[PDB]
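As provided, data.cif (mmCIF, C-alpha atoms) reads as follows.
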data_protein
#
loop_
_atom_site.group_PDB
_atom_site.id
_atom_site.type_symbol
_atom_site.label_atom_id
_atom_site.label_comp_id
_atom_site.auth_asym_id
_atom_site.auth_seq_id
_atom_site.Cartn_x
_atom_site.Cartn_y
_atom_site.Cartn_z
ATOM 1 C CA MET A 11 -92.578 28.033 -1.157
ATOM 2 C CA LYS A 12 -92.146 26.218 2.100
ATOM 3 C CA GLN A 13 -88.655 25.831 0.471
ATOM 4 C CA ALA A 14 -88.221 28.742 -2.002
ATOM 5 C CA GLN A 15 -89.890 31.775 -0.325
ATOM 6 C CA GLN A 16 -87.551 31.760 2.676
ATOM 7 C CA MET A 17 -84.579 32.569 0.442
ATOM 8 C CA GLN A 18 -86.163 35.946 -0.509
ATOM 9 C CA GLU A 19 -87.300 36.728 3.077
ATOM 10 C CA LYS A 20 -83.961 35.697 4.552
ATOM 11 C CA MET A 21 -82.484 38.036 1.911
ATOM 12 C CA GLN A 22 -84.602 40.946 3.132
ATOM 13 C CA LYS A 23 -83.492 40.414 6.799
ATOM 14 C CA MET A 24 -79.819 40.517 5.623
ATOM 15 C CA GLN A 25 -80.465 43.808 3.751
ATOM 16 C CA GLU A 26 -81.790 45.172 7.063
ATOM 17 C CA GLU A 27 -78.751 44.010 9.029
ATOM 18 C CA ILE A 28 -76.489 45.768 6.499
ATOM 19 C CA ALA A 29 -78.562 48.917 6.314
ATOM 20 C CA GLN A 30 -77.902 49.265 10.074
ATOM 21 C CA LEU A 31 -74.101 49.096 10.150
ATOM 22 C CA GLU A 32 -72.297 52.436 10.279
ATOM 23 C CA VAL A 33 -68.967 54.030 9.920
ATOM 24 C CA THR A 34 -67.488 57.472 10.360
ATOM 25 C CA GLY A 35 -65.313 58.913 7.643
ATOM 26 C CA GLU A 36 -62.976 61.832 8.214
ATOM 27 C CA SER A 37 -60.841 64.306 6.334
ATOM 28 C CA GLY A 38 -58.020 66.433 7.694
ATOM 29 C CA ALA A 39 -57.569 63.905 10.377
ATOM 30 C CA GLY A 40 -61.011 64.769 11.916
ATOM 31 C CA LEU A 41 -61.616 68.326 10.919
ATOM 32 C CA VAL A 42 -64.742 66.985 9.161
ATOM 33 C CA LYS A 43 -66.327 63.641 10.137
ATOM 34 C CA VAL A 44 -69.377 62.108 8.324
ATOM 35 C CA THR A 45 -71.281 59.243 9.830
ATOM 36 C CA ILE A 46 -73.189 57.112 7.342
ATOM 37 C CA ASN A 47 -75.158 53.810 7.502
ATOM 38 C CA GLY A 48 -74.975 50.652 5.341
ATOM 39 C CA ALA A 49 -77.719 52.067 3.071
ATOM 40 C CA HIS A 50 -75.768 55.271 2.438
ATOM 41 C CA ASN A 51 -77.946 57.412 4.608
ATOM 42 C CA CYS A 52 -75.980 60.260 6.246
ATOM 43 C CA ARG A 53 -76.668 60.170 10.002
ATOM 44 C CA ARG A 54 -74.227 63.058 11.175
ATOM 45 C CA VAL A 55 -71.874 65.605 9.816
ATOM 46 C CA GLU A 56 -69.371 67.223 12.181
ATOM 47 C CA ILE A 57 -67.329 70.239 11.097
ATOM 48 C CA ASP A 58 -64.568 71.792 13.087
ATOM 49 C CA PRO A 59 -65.244 75.566 13.916
ATOM 50 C CA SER A 60 -61.779 76.561 12.578
ATOM 51 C CA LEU A 61 -63.185 75.793 9.043
ATOM 52 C CA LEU A 62 -65.979 78.310 9.129
ATOM 53 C CA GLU A 63 -63.720 81.414 9.454
ATOM 54 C CA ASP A 64 -62.079 81.227 6.031
ATOM 55 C CA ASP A 65 -61.848 79.318 2.738
ATOM 56 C CA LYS A 66 -65.357 78.218 1.868
ATOM 57 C CA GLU A 67 -63.903 76.204 -0.965
ATOM 58 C CA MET A 68 -61.424 74.527 1.449
ATOM 59 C CA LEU A 69 -64.379 73.548 3.680
ATOM 60 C CA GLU A 70 -66.222 72.272 0.666
ATOM 61 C CA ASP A 71 -63.496 69.963 -0.552
ATOM 62 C CA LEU A 72 -62.845 68.662 2.954
ATOM 63 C CA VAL A 73 -66.572 67.829 3.255
ATOM 64 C CA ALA A 74 -66.546 65.943 0.025
ATOM 65 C CA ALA A 75 -63.302 64.069 0.997
ATOM 66 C CA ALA A 76 -64.988 63.053 4.301
ATOM 67 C CA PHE A 77 -67.963 61.671 2.546
ATOM 68 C CA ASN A 78 -65.736 59.707 0.141
ATOM 69 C CA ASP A 79 -63.711 58.399 3.076
ATOM 70 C CA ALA A 80 -67.015 57.245 4.618
ATOM 71 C CA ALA A 81 -68.094 55.618 1.368
ATOM 72 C CA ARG A 82 -64.839 53.596 1.232
ATOM 73 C CA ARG A 83 -65.265 52.582 4.871
ATOM 74 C CA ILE A 84 -68.810 51.525 4.423
ATOM 75 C CA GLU A 85 -67.877 49.360 1.415
ATOM 76 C CA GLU A 86 -65.271 47.709 3.638
ATOM 77 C CA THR A 87 -67.873 47.042 6.338
ATOM 78 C CA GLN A 88 -70.304 45.568 3.888
ATOM 79 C CA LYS A 89 -67.559 43.293 2.470
ATOM 80 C CA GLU A 90 -66.777 42.059 5.976
ATOM 81 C CA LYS A 91 -70.543 41.397 6.561
ATOM 82 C CA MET A 92 -70.719 39.333 3.349
ATOM 83 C CA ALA A 93 -67.560 37.397 4.347
ATOM 84 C CA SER A 94 -69.107 36.708 7.752
ATOM 85 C CA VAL A 95 -72.524 35.668 6.464
ATOM 86 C CA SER A 96 -71.129 33.369 3.818
ATOM 87 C CA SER A 97 -68.409 31.744 6.005
ATOM 88 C CA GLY A 98 -71.073 31.411 8.676
ATOM 89 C CA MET A 99 -73.259 29.539 6.267
ATOM 90 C CA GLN A 100 -75.949 31.874 7.575
ATOM 91 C CA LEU A 101 -78.273 31.225 4.630
ATOM 92 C CA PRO A 102 -80.676 28.360 3.909
ATOM 93 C CA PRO A 103 -78.387 25.644 2.440
ATOM 94 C CA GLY A 104 -78.923 25.498 -1.363
ATOM 95 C CA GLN B 18 -85.963 38.589 -16.516
ATOM 96 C CA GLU B 19 -82.435 40.135 -16.119
ATOM 97 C CA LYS B 20 -80.900 43.272 -17.729
ATOM 98 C CA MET B 21 -79.281 44.646 -14.548
ATOM 99 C CA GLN B 22 -75.698 43.858 -15.617
ATOM 100 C CA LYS B 23 -76.157 47.196 -17.467
ATOM 101 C CA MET B 24 -78.621 49.310 -15.416
ATOM 102 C CA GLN B 25 -77.002 49.464 -11.951
ATOM 103 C CA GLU B 26 -74.021 50.580 -14.093
ATOM 104 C CA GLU B 27 -76.153 53.322 -15.660
ATOM 105 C CA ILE B 28 -76.973 54.364 -12.114
ATOM 106 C CA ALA B 29 -73.306 54.152 -11.106
ATOM 107 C CA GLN B 30 -72.172 56.675 -13.723
ATOM 108 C CA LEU B 31 -75.194 58.960 -13.237
ATOM 109 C CA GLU B 32 -74.911 62.175 -11.186
ATOM 110 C CA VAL B 33 -77.605 63.978 -9.181
ATOM 111 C CA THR B 34 -77.286 66.981 -7.013
ATOM 112 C CA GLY B 35 -79.192 66.890 -3.659
ATOM 113 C CA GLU B 36 -80.154 70.106 -2.005
ATOM 114 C CA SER B 37 -81.365 71.307 1.360
ATOM 115 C CA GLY B 38 -82.181 74.678 2.833
ATOM 116 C CA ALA B 39 -83.874 75.546 -0.508
ATOM 117 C CA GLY B 40 -80.618 75.577 -2.436
ATOM 118 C CA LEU B 41 -78.378 76.752 0.371
ATOM 119 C CA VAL B 42 -76.362 73.465 0.361
ATOM 120 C CA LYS B 43 -75.972 71.257 -2.675
ATOM 121 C CA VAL B 44 -74.109 67.994 -2.776
ATOM 122 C CA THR B 45 -73.379 66.239 -6.047
ATOM 123 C CA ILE B 46 -72.830 62.455 -5.996
ATOM 124 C CA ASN B 47 -72.918 59.495 -8.389
ATOM 125 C CA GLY B 48 -74.764 56.125 -8.030
ATOM 126 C CA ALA B 49 -71.342 54.679 -7.125
ATOM 127 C CA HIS B 50 -71.747 56.999 -4.083
ATOM 128 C CA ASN B 51 -68.716 59.113 -4.883
ATOM 129 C CA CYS B 52 -69.192 62.714 -3.897
ATOM 130 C CA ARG B 53 -68.156 65.012 -6.657
ATOM 131 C CA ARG B 54 -68.806 68.406 -5.159
ATOM 132 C CA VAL B 55 -70.288 70.242 -2.189
ATOM 133 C CA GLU B 56 -71.543 73.836 -2.402
ATOM 134 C CA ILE B 57 -72.193 75.760 0.631
ATOM 135 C CA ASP B 58 -73.758 79.266 0.716
ATOM 136 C CA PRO B 59 -71.622 81.931 2.450
ATOM 137 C CA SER B 60 -74.526 82.968 4.749
ATOM 138 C CA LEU B 61 -74.145 79.629 6.645
ATOM 139 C CA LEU B 62 -70.607 80.235 7.838
ATOM 140 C CA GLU B 63 -71.421 83.202 10.192
ATOM 141 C CA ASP B 64 -73.041 81.396 13.283
ATOM 142 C CA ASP B 65 -75.218 78.538 12.513
ATOM 143 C CA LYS B 66 -72.661 75.650 12.868
ATOM 144 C CA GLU B 67 -75.140 73.003 14.012
ATOM 145 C CA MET B 68 -77.473 74.219 11.314
ATOM 146 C CA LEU B 69 -74.919 73.946 8.677
ATOM 147 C CA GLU B 70 -73.969 70.375 9.701
ATOM 148 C CA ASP B 71 -77.685 69.290 9.549
ATOM 149 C CA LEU B 72 -78.140 70.876 6.152
ATOM 150 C CA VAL B 73 -75.082 69.073 4.798
ATOM 151 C CA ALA B 74 -76.413 65.749 5.958
ATOM 152 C CA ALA B 75 -79.904 66.568 4.483
ATOM 153 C CA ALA B 76 -78.364 67.492 1.089
ATOM 154 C CA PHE B 77 -76.461 64.271 0.858
ATOM 155 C CA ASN B 78 -79.545 62.311 1.763
ATOM 156 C CA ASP B 79 -81.638 64.233 -0.867
ATOM 157 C CA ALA B 80 -79.048 63.119 -3.428
ATOM 158 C CA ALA B 81 -79.182 59.621 -2.173
ATOM 159 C CA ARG B 82 -82.992 59.625 -2.357
ATOM 160 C CA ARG B 83 -83.013 60.872 -5.997
ATOM 161 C CA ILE B 84 -80.544 58.122 -6.955
ATOM 162 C CA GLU B 85 -82.938 55.630 -5.270
ATOM 163 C CA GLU B 86 -86.040 57.071 -6.981
ATOM 164 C CA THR B 87 -84.103 56.774 -10.260
ATOM 165 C CA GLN B 88 -83.586 53.062 -9.967
ATOM 166 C CA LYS B 89 -86.997 52.556 -8.378
ATOM 167 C CA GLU B 90 -88.694 53.117 -11.776
ATOM 168 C CA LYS B 91 -85.945 51.453 -13.835
#
For the structure just supplied, provide its representation as structure tokens.
Amino acid sequence: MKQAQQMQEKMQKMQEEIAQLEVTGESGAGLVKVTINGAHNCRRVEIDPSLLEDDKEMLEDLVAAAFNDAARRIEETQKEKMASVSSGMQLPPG
Amino acid sequence: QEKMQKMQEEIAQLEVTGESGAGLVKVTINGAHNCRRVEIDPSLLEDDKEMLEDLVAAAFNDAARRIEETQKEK
């Protein structure tokens, strides 16, 4: 606990680094973009004005596809942050 | 001390719908963060584009906060 607390509090700092990464998913090549952080909080949705005229249900599915594109991207980003932390030996050794 | 092999997986299959604007937008997701459906009220398409974008983000985040609340207690 001068040797087994600072695993748990190094763990917390790493959760915070992750939580702050972001990505931007898109559907229709950018007709909808969703920006989300490493804790799955949605920071920004952007919707092209051409989608508000017609097909509500088109707009709806493109929104959902954007979110799912952002979820896949954020999982990629997290996996790269785990690669980087581990290869970097960035934890207390043990 | 551990039974989370099968409890983060209960979360993962589970579905909540977040809402904003008092029901005007609803966003259904799972604990695996897949978005199943988005429902947007026709009134929002007229002129409030910035409003509509903020309400979408708020409904997703309501969903995400119910999923978090669900595994807070478990």
key: Resolved residues for the PyMOL selection byres ((chain A) within 10 of (chain B)) as number ranges by chain   = A: 42, 44-46, 49-59, 61-64, 66-67, 69-82
request  = Take the PyMOL selection byres ((chain A and resi 102) around 12), apply it to the structure above, and return the hits as an MDAnalysis selection string.
outcome  = chainID A and resid 12:21 95:96 98:101 103:104
message = Using Å and a single decimal, report how far CA of residue 36 in chain A sits from CA of residue 26 in chain B.
response =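 That distance, rounded to one decimal, is 27.3 Å.
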request  = Identify the residues around (-78.7, 58.6, -15.2) within a radius of 12 Å, measuring from only C-alpha atoms in the coordinates stated by the file, and give them as a PyMOL selection string.
outcome  = chain B and resi 23-34+46-49+83-88+90-91
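Separating CA of residue 40 in chain A from CA of residue 42 in chain B is a distance of 21.1 Å.
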Distance in Å - CA of residue 92 in chain A versus CA of residue 37 in chain A =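 Value for the CA of residue 92 in chain A-CA of residue 37 in chain A distance: 27.0 Å.
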Could I get range 47-82 of chain B rebuilt with N, CA and C atoms, written as an mmCIF file, in the coordinates of the input?
data_model
loop_
_atom_site.group_PDB
_atom_site.id
_atom_site.type_symbol
_atom_site.label_atom_id
_atom_site.label_comp_id
_atom_site.auth_asym_id
_atom_site.auth_seq_id
_atom_site.Cartn_x
_atom_site.Cartn_y
_atom_site.Cartn_z
ATOM 1 N N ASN B 47 -72.528 60.476 -7.416
ATOM 2 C CA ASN B 47 -72.918 59.495 -8.389
ATOM 3 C C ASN B 47 -73.603 58.268 -7.725
ATOM 4 N N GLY B 48 -74.220 57.393 -8.533
ATOM 5 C CA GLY B 48 -74.764 56.125 -8.030
ATOM 6 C C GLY B 48 -73.687 55.217 -7.520
ATOM 7 N N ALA B 49 -72.426 55.417 -7.871
ATOM 8 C CA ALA B 49 -71.342 54.679 -7.125
ATOM 9 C C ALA B 49 -71.029 55.357 -5.749
ATOM 10 N N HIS B 50 -71.914 56.250 -5.292
ATOM 11 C CA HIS B 50 -71.747 56.999 -4.083
ATOM 12 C C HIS B 50 -70.474 57.854 -3.860
ATOM 13 N N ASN B 51 -69.678 58.114 -4.894
ATOM 14 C CA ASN B 51 -68.716 59.113 -4.883
ATOM 15 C C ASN B 51 -69.318 60.535 -4.937
ATOM 16 N N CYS B 52 -68.812 61.363 -4.030
ATOM 17 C CA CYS B 52 -69.192 62.714 -3.897
ATOM 18 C C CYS B 52 -68.293 63.530 -4.767
ATOM 19 N N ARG B 53 -68.901 64.197 -5.700
ATOM 20 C CA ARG B 53 -68.156 65.012 -6.657
ATOM 21 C C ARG B 53 -67.964 66.452 -6.192
ATOM 22 N N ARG B 54 -68.946 67.037 -5.535
ATOM 23 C CA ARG B 54 -68.806 68.406 -5.159
ATOM 24 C C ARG B 54 -69.790 68.759 -4.085
ATOM 25 N N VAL B 55 -69.460 69.770 -3.254
ATOM 26 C CA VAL B 55 -70.288 70.242 -2.189
ATOM 27 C C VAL B 55 -70.248 71.791 -2.410
ATOM 28 N N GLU B 56 -71.368 72.416 -2.169
ATOM 29 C CA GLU B 56 -71.543 73.836 -2.402
ATOM 30 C C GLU B 56 -72.277 74.342 -1.233
ATOM 31 N N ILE B 57 -71.631 75.224 -0.541
ATOM 32 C CA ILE B 57 -72.193 75.760 0.631
ATOM 33 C C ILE B 57 -72.284 77.293 0.545
ATOM 34 N N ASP B 58 -73.505 77.811 0.704
ATOM 35 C CA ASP B 58 -73.758 79.266 0.716
ATOM 36 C C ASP B 58 -73.021 79.943 1.809
ATOM 37 N N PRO B 59 -72.299 81.049 1.481
ATOM 38 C CA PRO B 59 -71.622 81.931 2.450
ATOM 39 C C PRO B 59 -72.426 82.339 3.668
ATOM 40 N N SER B 60 -73.714 82.673 3.542
ATOM 41 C CA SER B 60 -74.526 82.968 4.749
ATOM 42 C C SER B 60 -74.385 81.934 5.924
ATOM 43 N N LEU B 61 -74.068 80.671 5.621
ATOM 44 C CA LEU B 61 -74.145 79.629 6.645
ATOM 45 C C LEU B 61 -72.925 79.593 7.492
ATOM 46 N N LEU B 62 -71.872 80.306 7.102
ATOM 47 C CA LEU B 62 -70.607 80.235 7.838
ATOM 48 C C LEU B 62 -70.509 81.154 9.112
ATOM 49 N N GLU B 63 -71.200 82.282 9.052
ATOM 50 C CA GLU B 63 -71.421 83.202 10.192
ATOM 51 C C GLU B 63 -71.623 82.518 11.587
ATOM 52 N N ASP B 64 -72.796 81.957 11.921
ATOM 53 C CA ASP B 64 -73.041 81.396 13.283
ATOM 54 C C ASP B 64 -73.844 80.075 13.319
ATOM 55 N N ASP B 65 -74.242 79.542 12.214
ATOM 56 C CA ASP B 65 -75.218 78.538 12.513
ATOM 57 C C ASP B 65 -74.540 77.139 12.394
ATOM 58 N N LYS B 66 -73.537 76.791 13.214
ATOM 59 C CA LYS B 66 -72.661 75.650 12.868
ATOM 60 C C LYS B 66 -73.475 74.320 12.885
ATOM 61 N N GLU B 67 -74.328 74.162 13.885
ATOM 62 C CA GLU B 67 -75.140 73.003 14.012
ATOM 63 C C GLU B 67 -76.127 72.965 12.840
ATOM 64 N N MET B 68 -76.567 74.151 12.451
ATOM 65 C CA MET B 68 -77.473 74.219 11.314
ATOM 66 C C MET B 68 -76.818 73.805 10.031
ATOM 67 N N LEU B 69 -75.647 74.314 9.822
ATOM 68 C CA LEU B 69 -74.919 73.946 8.677
ATOM 69 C C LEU B 69 -74.615 72.454 8.593
ATOM 70 N N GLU B 70 -74.191 71.844 9.715
ATOM 71 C CA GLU B 70 -73.969 70.375 9.701
ATOM 72 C C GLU B 70 -75.242 69.587 9.318
ATOM 73 N N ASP B 71 -76.397 69.958 9.936
ATOM 74 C CA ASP B 71 -77.685 69.290 9.549
ATOM 75 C C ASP B 71 -78.104 69.461 8.136
ATOM 76 N N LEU B 72 -77.822 70.630 7.593
ATOM 77 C CA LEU B 72 -78.140 70.876 6.152
ATOM 78 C C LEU B 72 -77.231 70.091 5.254
ATOM 79 N N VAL B 73 -75.939 69.967 5.596
ATOM 80 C CA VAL B 73 -75.082 69.073 4.798
ATOM 81 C C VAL B 73 -75.586 67.674 4.775
ATOM 82 N N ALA B 74 -75.937 67.127 5.909
ATOM 83 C CA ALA B 74 -76.413 65.749 5.958
ATOM 84 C C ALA B 74 -77.749 65.629 5.087
ATOM 85 N N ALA B 75 -78.650 66.547 5.249
ATOM 86 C CA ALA B 75 -79.904 66.568 4.483
ATOM 87 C C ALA B 75 -79.638 66.652 3.032
ATOM 88 N N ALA B 76 -78.609 67.438 2.584
ATOM 89 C CA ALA B 76 -78.364 67.492 1.089
ATOM 90 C C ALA B 76 -77.802 66.222 0.542
ATOM 91 N N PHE B 77 -76.911 65.560 1.308
ATOM 92 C CA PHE B 77 -76.461 64.271 0.858
ATOM 93 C C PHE B 77 -77.592 63.254 0.744
ATOM 94 N N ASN B 78 -78.443 63.226 1.757
ATOM 95 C CA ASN B 78 -79.545 62.311 1.763
ATOM 96 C C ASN B 78 -80.615 62.617 0.641
ATOM 97 N N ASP B 79 -80.805 63.857 0.317
ATOM 98 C CA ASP B 79 -81.638 64.233 -0.867
ATOM 99 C C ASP B 79 -81.034 63.626 -2.158
ATOM 100 N N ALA B 80 -79.697 63.700 -2.286
ATOM 101 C CA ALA B 80 -79.048 63.119 -3.428
ATOM 102 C C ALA B 80 -79.268 61.707 -3.407
ATOM 103 N N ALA B 81 -79.095 61.101 -2.229
ATOM 104 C CA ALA B 81 -79.182 59.621 -2.173
ATOM 105 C C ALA B 81 -80.647 59.229 -2.512
ATOM 106 N N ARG B 82 -81.610 60.016 -2.077
ATOM 107 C CA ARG B 82 -82.992 59.625 -2.357
ATOM 108 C C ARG B 82 -83.393 59.818 -3.845
#
